[PDB]
Amino acid sequence: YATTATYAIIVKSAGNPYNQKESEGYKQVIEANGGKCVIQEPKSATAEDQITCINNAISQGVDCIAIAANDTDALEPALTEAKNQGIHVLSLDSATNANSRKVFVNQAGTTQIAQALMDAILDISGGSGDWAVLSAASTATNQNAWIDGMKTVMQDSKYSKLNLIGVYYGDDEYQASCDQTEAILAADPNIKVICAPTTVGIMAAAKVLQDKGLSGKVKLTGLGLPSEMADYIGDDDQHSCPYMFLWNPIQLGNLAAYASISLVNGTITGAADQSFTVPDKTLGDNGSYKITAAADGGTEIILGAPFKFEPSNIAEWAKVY
Ligand SMILES: C[C@@H]1O[C@@H](O)[C@H](O)[C@H](O)[C@H]1O
């Protein structure tokens, strides 16, 4: 994994601790192995602000770009231009389309996240009732994939007494996510569960439910940082979130860095059925990963399974991320 190349990571947006942990993990591995890492945080979680960052990376003459896409398709011209300049493009966290990358590094199976969330809603609701999604940007590939996944999973007869009222967008912004939580509550006060598959959205919704005194009546699940959600997690009337899920964003960054170095050094090309082993034997199968065909027609590397954070384990993990 020795490298002397320069690697740009472009996260979704500024002002999001999840993205900072991702970029930290990426930088740590790149630098440990001799490369240079340049991190960019788009001003907002939009395609427009990301394109500006892609263009900056190209201008700096970097060797590799790793990107968490704010839109599945809008980045394609800039990323193609990067490729035309000889830059390896990798995607992580939120996928660019298959034509815009050599490989996607996915935190967990898309289906695994959808299934965990649907089963959580079914459990936490008591088996029936109205629920809503508080998403991030309406264009974000990952939330859209999870939401599509949930909608597929929820067709199963076991979920037939649940009713999804709709999808609201908090844009991965605290204030917007608080405002949309209030909008959800106003639209359906009898809602049983809010599912927020965004670390920003879930902690914003938690804050709103706590402030309104609703933790005993409206429950909350989703995808959140243990560090942010620790005080909201509990199985009683005083905590809105009985449990939620995530994965290690630092390790997501780590793996994306190992894969980036592997692309630059030519150890992999992104093609299905290729394998690589990273120094870190806690990832994969004793460090080993295989590239698999992805549903979007590209290829992907899957970091691990989702991890459930609940009262029995939340405090220890809150110090990790
Ligand atoms: C769950 C998590 O939530 C936010 O931090 C971002 O939208 C990120 O892309 C997503 O993976």
Side-chain angles (χ1 to χ4, degrees), residues 9-26 39-47 49-50 53 66-72 75 90-96 104-114 116-117 120 133-150 167-178 180-181 194-206 220-229 241 243-256 300 302-309 317 321:
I9 180 167
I10 299 170
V11 298
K12 280 194 177 177
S13 62
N16 181 350
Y18 169 99
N19 292 340
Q20 293 165 49
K21 290 168 196 310
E22 183 181 75
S23 62
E24 170 196 316
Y26 190 88
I39 300 168
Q40 279 182 99
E41 292 191 327
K43 186 230 295 283
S44 76
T46 65
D49 285 348
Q50 247 177 1
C53 297
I67 185 155
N70 288 331
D71 186 285
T72 321
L75 311 178
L90 172 146
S91 180
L92 78 171
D93 182 47
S94 179
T96 59
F104 179 57
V105 182
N106 204 345
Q107 42 264 64
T110 302
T111 300
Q112 296 181 306
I113 290 292
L117 292 177
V133 172
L134 173 63
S135 194
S138 67
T139 53
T141 315
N142 54 354
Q143 277 88 20
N144 285 345
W146 298 326
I147 293 161
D148 284 343
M150 285 188 262
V167 181
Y168 295 70
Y169 307 97
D171 294 351
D172 267 338
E173 298 183 10
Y174 179 77
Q175 189 59 56
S177 295
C178 289
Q180 291 304 311
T181 301
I194 295 169
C195 178
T198 148
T199 65
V200 173
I202 196 180
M203 60 82 16
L220 179 62
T221 192
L223 302 177
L225 287 176
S227 63
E228 292 188 312
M229 291 295 296
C241 180
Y243 56 93
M244 54 87 173
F245 305 82
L246 205 75
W247 53 80
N248 187 328
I250 302 172
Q251 292 181 325
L252 175 61
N254 294 161
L255 176 59
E300 76 182 336
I302 298 176
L303 172 69
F307 195 87
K308 178 179 176 185
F309 297 101
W317 286 97
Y321 48 86

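Keep in mind that the numbers below use all heavy atoms, side chains included, and drop hydrogens, waters and symmetry copies. In listed order, ligands and their atoms are each counted from 1. Sequential numbering from 1 along the given sequence is applied to the chain's residues.
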| message | Among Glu41, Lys21, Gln50, exactly one meets side chain to side chain contact (heavy atoms under 4.5 Å, CB included) together with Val11. Which residue is that? | response |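 Only one of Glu41, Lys21, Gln50 forms a side chain to side chain contact (heavy atoms under 4.5 Å, CB included) with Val11, namely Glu41.
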
| said: Under 6.0 Å from the ring centre and within 45 degrees of the ring axis: does the NZ or CZ of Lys308 meet both conditions for the six-membered ring of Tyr243? | reply: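 Ring-cation test returns yes.
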
| message | For the residue pair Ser13 / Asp172, report whether a side-chain donor-acceptor contact shorter than 3.5 Å exists. | response |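 The answer is no; no qualifying pair exists.
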
Going by the order shown, which atoms of ligand 1 are within less than 4.0 Å of some heavy atom of [X]?
X      : answer
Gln107 : 11 (O)
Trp146 : 11 (O)
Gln143 : 3 (O), 7 (O), 10 (C)
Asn16  : 4 (C), 5 (O), 6 (C)
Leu223 : 1 (C)

| said: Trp317 vs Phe309, test: side-chain contact (heavy atoms from CB on, under 4.5 Å). Steps then yes/no. | reply: CA-CA 8 Å; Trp317 286 97; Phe309 297 101; 3.5 Å; yes

| query | Looking only at distance, does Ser94 have an N or O less than 3.5 Å from an N or O of ligand 1? | reply |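 For ligand 1, there is no N or O atom that lies under 3.5 Å from one belonging to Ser94.
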
| So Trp247 and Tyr18, would you call those rings parallel, tilted or perpendicular, with 30° and 60° as cut-offs? |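 Correct class here is perpendicular.
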
Just heavy atoms, cut-off under 4.0 Å: does [X] contact ligand 1 by side chain, backbone, both, or neither?
X      : value
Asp93  : side chain
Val200 : neither
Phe245 : neither

Counting only N and O atoms by type, is there a donor-acceptor contact under 3.5 Å from the side chain of [X] to the main-chain atoms of [Y]?
X     : Y     : answer
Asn70 : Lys12 : yes
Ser91 : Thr96 : yes
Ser23 : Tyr26 : no

Looking only at protein heavy atoms, which one is nearest to [atom], and what is the separation?
atom                    : answer
atom 10 (C) of ligand 1 : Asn142 ND2, 3.5 Å
atom 7 (O) of ligand 1  : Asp172 OD2, 2.6 Å
atom 3 (O) of ligand 1  : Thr199 N, 2.9 Å

